[PDB]
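Data first, discussion second: the structure below is written as structure tokens.
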Amino acid sequence: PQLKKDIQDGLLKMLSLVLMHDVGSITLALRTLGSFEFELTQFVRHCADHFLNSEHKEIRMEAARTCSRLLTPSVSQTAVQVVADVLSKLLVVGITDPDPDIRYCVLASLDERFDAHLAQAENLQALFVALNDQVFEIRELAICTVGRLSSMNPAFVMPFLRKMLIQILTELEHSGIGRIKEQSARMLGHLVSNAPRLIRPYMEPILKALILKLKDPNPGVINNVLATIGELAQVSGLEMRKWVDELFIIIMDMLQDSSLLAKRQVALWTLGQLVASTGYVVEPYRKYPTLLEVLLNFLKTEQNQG
Amino acid sequence: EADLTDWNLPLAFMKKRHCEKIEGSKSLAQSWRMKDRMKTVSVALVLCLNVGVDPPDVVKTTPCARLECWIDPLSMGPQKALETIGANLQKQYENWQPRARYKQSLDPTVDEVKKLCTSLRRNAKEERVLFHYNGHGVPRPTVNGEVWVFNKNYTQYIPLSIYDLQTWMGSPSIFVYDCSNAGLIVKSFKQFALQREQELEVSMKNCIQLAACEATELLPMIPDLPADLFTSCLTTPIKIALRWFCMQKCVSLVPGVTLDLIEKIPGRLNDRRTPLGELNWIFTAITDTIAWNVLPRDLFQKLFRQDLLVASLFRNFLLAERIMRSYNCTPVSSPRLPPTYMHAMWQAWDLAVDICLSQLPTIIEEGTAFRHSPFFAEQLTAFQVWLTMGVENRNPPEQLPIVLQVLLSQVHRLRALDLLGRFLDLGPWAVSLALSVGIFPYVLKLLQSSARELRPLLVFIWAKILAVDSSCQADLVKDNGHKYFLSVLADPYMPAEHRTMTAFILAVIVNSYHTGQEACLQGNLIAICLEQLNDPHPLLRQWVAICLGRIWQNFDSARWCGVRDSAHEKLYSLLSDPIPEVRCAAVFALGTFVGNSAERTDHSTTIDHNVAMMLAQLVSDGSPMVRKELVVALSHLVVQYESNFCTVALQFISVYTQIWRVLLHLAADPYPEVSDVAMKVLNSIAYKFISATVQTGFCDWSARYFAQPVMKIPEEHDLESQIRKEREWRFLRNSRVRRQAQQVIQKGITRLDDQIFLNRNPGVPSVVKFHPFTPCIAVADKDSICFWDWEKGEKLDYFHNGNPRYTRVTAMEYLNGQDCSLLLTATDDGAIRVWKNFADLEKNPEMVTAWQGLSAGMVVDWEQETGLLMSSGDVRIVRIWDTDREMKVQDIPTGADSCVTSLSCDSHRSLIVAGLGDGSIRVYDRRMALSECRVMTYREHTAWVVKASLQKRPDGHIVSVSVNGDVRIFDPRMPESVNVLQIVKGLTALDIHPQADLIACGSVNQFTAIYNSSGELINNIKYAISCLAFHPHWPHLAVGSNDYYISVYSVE
Amino acid sequence: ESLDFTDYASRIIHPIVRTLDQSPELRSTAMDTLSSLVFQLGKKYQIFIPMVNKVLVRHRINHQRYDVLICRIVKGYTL
Amino acid sequence: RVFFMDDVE
């Protein structure tokens, strides 16, 4: 770095000359601009119009990635308004774009760095609209982001998250579909992971519903239920000591024999989570005398490192 | 580097008073005022329950619905149950409107209803009257528009025409119907109102209607819910809401909750600290929030703000609509309300209800302490989050009614007031919206509280309120809240900013309002202001002076009180205040104090003459704004003594004579606006009516400060502002220019004969000045100021100085040449003026400020670093004007009869050197006293000193050249010249370059000799050369002969 | 007309625009449903205006009720 | 008024 300033100035002059004015060259320029650091306001505003008036999907996704990476430096009321407008355009793109991949990339790009602006009411409404998206993965990302924002703006998030929790719970209870129930369980797990404060008062009904689901006569749904139970164990913080006995009975019953469609990995992980959260030690050995034997046999049987 | 030098440079004549035109901001039409206050004097409760008999139209199920107003009719017998339900419903309505006349009709007849309606109408002819109807025990209303009631024998249902019913009633009234087909009732009522309107040619909006169900729809028959569902919702929204919540599937979220638990809930509807009161308060806040968010502002004001009872009825009506939607029932209102069941706030309502009732099992059984719901805290947090980014005029926040609701209590009152003040700081629109929402009465009631912690928040909020709307002064006087502000102002421990805000509030209160003026005179405001008159805060002093002037506005009692307190003598001090704004405020106060003499005793005449003499010495004030205020005060003086001034004026066709001379001086002012005002005032004297009085907008201009945001960080301090980036770019360009000039100087100076361009001007070039960094050259002519370019070679602008023909522009200066430069134009008479936007494409000539100075021609030597300005001329005194304070600082005696032909000064030192016509060159040091300012006085010339320039180097050399053309190099530390040279026998003009020792000499024979300080010959350019200038950085030379030709030279 | 769809705006709008792109036959019915949805949403539909307007321009779809609703929403007039 | 305000001295 003998002259890093000179190198950066030359590189910026070259990029400015390139961008003052085919499709592959534009893609390469966008990749270069988003690749590493630079020293950028007019470019952001111009590329904002660029990706709007670009029908090329590759150009749109490259521009979205470049905008996300360039907005990393995020007190000027003018600059804050500029960043807010750019973020609003980014959100309208990530909601209204027909391309699921572009919307997924836009939503993934919205990291913790944009939490302050994203906490506004319009952004929260956009996220609320986005939560009911066709793409299930986009739904998971949106609910994770919203739950992450439950502390910044509780008044707008906690009621909406309560409504979504109600919808997820009734979906799990009533829909007799493996795919729908699995998606509901995954969304419930994401909500538990991201919004412990909202769910803590509602730990009991969620746990009761998950238990009722467990007692029902697809591996994905049961694995998601076990993972959600494991997360809820951490969230509750000893508040589920009443149901730890039933949880242990069910987990051990499904743990013995490989006929159960549930993976033993998630079962062991959630058993460990229950033990850690509820402080249930030594007593399970006395209550369940085969537990130690099963755990030792897993050392000889199972081959996965995890 | 040289960037720090540019950064720490004061920007003269660049402030609020200079940039923004002085004027009052136009007052918007504030419609937030309540047009009228209606009251529901009487309530009519018609209960066609028909206990013990089922209407033939509907065959109810064996369980059916047996709860009407939370009473089982079959338990206590028919008549006893009917009376008990009537009394209970009266109590329910009293819960919302205790002060009303309640008359109950229990299965009445047509004649009974007619008599009751007529009696109630007579009781309240011009006020709203509630007519409640419950047709559960009668058949459904007919399509014809009839209501079934009972005959005397209770054997037949006698119909009752809606047209007749509204004939009995008047225009101001409301109607509530609880029946299966109330939609038919509403449609019939509207049709009959239309029929009345049609008849009227050869009472709809005033009438208000509430309906339990649509015409087609029927009331629910679920056994769990009460039969009197709509009325229960309208009367007991909390109870019915809790019951409905305990029926939804959401109870699965909180097991162990039953209707029995809901019945035994602790708390009252009034005690907000109790769970029941907390739920009621939260529900009211949420319903008001939904109403304001959904409904338009006008309908919101007309419905939820007109009166308590209607607002409560509609706030319960929203909940009733939401609950009825779940049972295929659509409540109907006469003003069609957009649906509100889908609003997100109901989710918050459900969440708060669940959180609050989750503790009930522990409250009843274990007996824990009921913790308050965090709903309001979360809503205020959301409002704060909105305010954090809500600078832009985006959609208004949804929490303004929530803020209003929180203001009532004390647990979160301080935070709510803080957040509301921050919101009002945003701008006038935010304060207007806050007035619309109905925050005025509550912030007015807040004055009664004696809590000292509320004083800063309250004073800030009220300062914003009065800044936006000025009509609140009457309400403040009525509440007697001005005493609160007097107490706040009379507290030295209070910070100066809040005391300044309190002074502004009080000044607005007494702004052309007699009742408030005399109330504050009774409040001893004059003494309090005098006590905090010398406070070390320019804004506070200015506003205290403005308030004091406003107090005695056409109020002799305040004038007498000030005379007793000698307010005039104490206020004379502010006339010398460094801040021009404070001087203007003091002049305004003194003028207003003069204007209300009203022919008092000889003491008044004497004190008025003393005030006139005290104001007469402010003629030599640099600020034209202060001079305009002096003109206004002198207009007050004239209108007080019109006959005396008329006599004095007729004398010339000894106090008033001096005031008339002062008015003449003000008339001949360089500032066009002040000159016009003074000339108009003087002409008003000649033809001697009230219309001649002119009031400046200075008061409202200062008031506009509180309208603008303050809490936010200034744009200048921000690192990323476009303005700061532009300033940094200009600084970088200036540094590069300086470095290039230094490089050129180090390489040496070659012969300069290149002529960049040759152009002709309309007038003779008097003085030429180059802009230090931008390529703009200022060439001043006899009656015009030409602005040419030495790169583009085109004419940019053509100004007109406006000075009289006899006068002549002698010098020129570029103030703030580093960036955002100004142009200083000094005429030979003393008229000094400042030009802005002189060489811009999209802007026209602008005059920032102007003021007559003093009173060879005129000589000026600007010093950017210290910000001092000095003018010299025929007068034997060198004046030192301070642009920061707009006042002369020192007037050093020259000690010479001859005029000051030239003047210069040294940076970082007081080495003021002034040339003289006799030939002698004096030097003055301002660090010592005025009599000791003179340092050296050497006389080695007998001629007019063409240019007594000084080198910016520490070893400053005074190169004095006279008309004789003999060059002598003097030094401030030596009594004799070091080098003596003779160049041209007859010299007409000369210029020197500080960076490059190039002495450019003129000649009558077109010769332009460019020599060195040592006298070495360099160039003798062959063409009365009366204008030469050198670029401050580049070795550029411009030479102008007697002909109006301009050239710019460069060294290759 | 009777329910709330402020939550499932995307799940209906994206299939609607997809159907409009993929089938000219159902254009009138899809546009009527979309106009009803916009009327129910109110100002909440402003997010979807650019994409849907671009699609309409791409397929020369001109519906009176939808256009007047869009005009009222953009103007801010409520009715 | 429209809303009851408590604790005002």
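All Cβ positions, even for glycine, are placed from backbone atoms using ideal geometry, and neighbour counts span all protein chains on display. Each value in this text was obtained by applying a stated rule to the coordinates, not by laboratory testing.
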Is it fair to say A:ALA126 is within 14 Å of chain C (Cβ to nearest Cβ) and farther than 17 Å from C:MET51 by Cα?
-> no
Subset of the range C:39-76 (residues that are more than 14 Å from chain A (Cβ to nearest Cβ), among the aliphatic types (A, V, I, L, M) and more than 21 Å from C:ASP7 (Cα to Cα)) | C:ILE61, C:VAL68, C:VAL74
Within the range B:676-693, can one find any residue that is closer than 27 Å to B:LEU506 by Cα and not in a helix (DSSP H, G or I)?
-> yes
Residue check, B:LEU210 more than 14 Å from chain A (Cβ to nearest Cβ), over 50 Å from the mean Cα position of the chain (by Cα) and surrounded by 16 or more Cβ atoms within 10 Å (Cβ to Cβ) = no
Tally of residues being crowded, with 18+ Cβ neighbours inside 10 Å, more than 14 Å from chain B (Cβ to nearest Cβ) and under 26 Å from A:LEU124 (Cα atoms) across the range C:1-35 | 7
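Quick check on A:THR66: is it of a type in the set (S, T, N, Q), surrounded by 20 or more Cβ atoms within 10 Å (Cβ to Cβ) and closer than 28 Å to A:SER35 by Cβ? Outline the logic, then answer.
Numbers: of a type in the set (S, T, N, Q): yes; surrounded by 20 or more Cβ atoms within 10 Å (Cβ to Cβ): yes; closer than 28 Å to A:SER35 by Cβ: yes.
Judged against the criteria, A:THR66 is a match.
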Mind checking which residues of the range B:272-329 are of a type in the set (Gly, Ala, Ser), within 13 Å of chain D (Cβ to nearest Cβ) and more than 31 Å from the chain's Cα centre (by Cα)?
-> B:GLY277, B:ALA311, B:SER312
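For the range B:644-657, does any single residue satisfy the condition of being among the aliphatic types (A, V, I, L, M) and within 22 Å of B:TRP552 (Cβ to Cβ)? If you could, list the steps in order and put the result at the bottom.
Kept after step one, since they are among the aliphatic types (A, V, I, L, M), are these residues of the range B:644-657: B:648-650, B:653, B:655.
If we keep only those that are within 22 Å of B:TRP552 (Cβ to Cβ) as well, we get B:655.
Within the range B:644-657, one or more residues are among the aliphatic types (A, V, I, L, M) and within 22 Å of B:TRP552 (Cβ to Cβ).
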Where a residue in the range A:126-148 is more than 10 Å from C:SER10 (Cβ to Cβ) and its partner, wherever it lies, is aromatic (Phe, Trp, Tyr), with Cβ under 6 Å and at least six apart | A:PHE128/A:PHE160
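Looking only at the range A:90-122, count how many residues are assigned to a helix (DSSP H, G or I), within 11 Å of chain C (Cβ to nearest Cβ) and not β-branched (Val, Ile, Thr). Spell out how you get there, then give the answer.
Kept after step one, since they are assigned to a helix (DSSP H, G or I), are these residues of the range A:90-122: A:90-96, A:100-109, A:112-118, A:121-122.
Checking the rest, the ones that are also within 11 Å of chain C (Cβ to nearest Cβ) come to A:91-96, A:100, A:103, A:122.
Add one more test, that the residue is not β-branched (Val, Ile, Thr), and what stays is A:91, A:94, A:100, A:103, A:122.
The total comes to 5.
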Subset of the range B:407-425 that is aliphatic (A, V, I, L, M) and within 11 Å of another protein chain (Cβ to nearest Cβ) - its residue that is surrounded by the most Cβ atoms within 10 Å (Cβ to Cβ) | B:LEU408
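Can you tell me which residues in the range B:244-262 are assigned to a loop (DSSP other than H, G, I, E, B) and either closer than 17 Å to A:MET164 by Cα or away from chain A (no Cβ under 14 Å) (or both)? Lay out the reasoning, then the answer.
Our first condition is that a residue be assigned to a loop (DSSP other than H, G, I, E, B); within the range B:244-262, this holds for B:246-248, B:254-258.
Selection gives B:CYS246, B:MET247, B:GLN248, B:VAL254, B:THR258.
Among strands (runs of 3 or more DSSP E) lying entirely in the range B:99-214, which contain 2 or more residues that are closer than 23 Å to B:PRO335 by Cβ?
On the way: elements: B:101-106, B:129-134, B:146-150, B:157-161, B:173-178, B:207-211.
Counting at least 2 such residues, we get B:129-134, B:173-178, B:207-211.
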So which of A:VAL86, A:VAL75 ends up being closer than 24 Å to A:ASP111 by Cβ and exposed (fewer than 14 other Cβ atoms within 10 Å of the Cβ)?
-> A:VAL75
Of all residues in the range B:779-798 being touching a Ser or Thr at 6+ places or on another chain (Cβ under 9 Å) and closer than 12 Å to B:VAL809 by Cα, which is surrounded by the fewest Cβ atoms within 10 Å (Cβ to Cβ)?
-> B:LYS782
Among what's in the range A:186-212 and is among the β-branched types (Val, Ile, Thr) and either outside any helix (DSSP H, G or I) or more than 11 Å from every other protein chain (Cβ to nearest Cβ) (or both), pick the residue that is farthest from the chain's Cα centre (by Cα).
-> A:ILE211
Among the numbered criteria (1) in contact with a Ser or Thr (Cβ under 8 Å, 6 or more places away or on another chain); (2) within 30 Å of B:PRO255 (Cα to Cα); (3) within 14 Å of chain A (Cβ to nearest Cβ); (4) not in a helix (DSSP H, G or I), which single criterion is violated by B:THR368?
-> (3)
Look through B:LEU351, B:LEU357 and report the one residue that is at the interface with chain A (Cβ under 8 Å from one of its Cβ atoms), buried (at least 21 other Cβ atoms within 10 Å of the Cβ) and more than 40 Å from the chain's Cα centre (by Cα).
-> B:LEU351
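Quick one: would you say B:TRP862 is part of a strand (DSSP E or B) and either within 25 Å of B:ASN8 (Cα to Cα) or among the aromatic types (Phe, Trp, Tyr) (or both)? Quick ask: steps written out before the conclusion?
Working: part of a strand (DSSP E or B): no; either within 25 Å of B:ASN8 (Cα to Cα) or among the aromatic types (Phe, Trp, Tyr) (or both): yes.
When the stated conditions are applied, B:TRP862 does not pass them.
Residues being of a type in the set (S, T, N, Q), under 20 Å from B:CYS1001 (Cα atoms) and not in a strand (DSSP E or B): count how many of those fall in the range B:926-973.
In the first step, residues of the range B:926-973 are kept if they are of a type in the set (S, T, N, Q); the result is B:931, B:937, B:942, B:949, B:951, B:960, B:962, B:964.
Next cut, under 20 Å from B:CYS1001 (Cα atoms) only: B:942, B:949, B:951, B:960, B:962, B:964.
Subset that is not in a strand (DSSP E or B): B:942, B:951, B:964.
Number satisfying all stated conditions: 3.
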Kindly list the number of the only condition in (1) of a type in the set (D, E, K, R); (2) within 21 Å of B:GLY873 (Cβ to Cβ); (3) under 50 Å from the mean Cα position of the chain (by Cα) that fails for B:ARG927.
-> (2)
Please name all residue pairs, on different chains or six or more residues apart, with Cβ atoms under 8 Å, provided the first residue is in the range B:296-311 and is closer than 17 Å to B:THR340 by Cβ and the second residue is buried (at least 16 other Cβ atoms within 10 Å of the Cβ) and of a type in the set (S, T, N, Q).
-> B:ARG297/B:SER436; B:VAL310/B:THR40
In the range A:144-185, which residues are assigned to a helix (DSSP H, G or I), under 22 Å from B:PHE383 (Cβ atoms) and at the interface with another protein chain (Cβ under 10 Å from one of its Cβ atoms)?
-> A:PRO154, A:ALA155, A:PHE156, A:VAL157, A:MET158, A:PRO159, A:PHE160, A:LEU161, A:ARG162, A:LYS163
Helices (runs of 4 or more DSSP H) wholly inside the range B:604-668 containing at least 1 residues that are among the basic types (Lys, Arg) = B:624-640, B:656-667
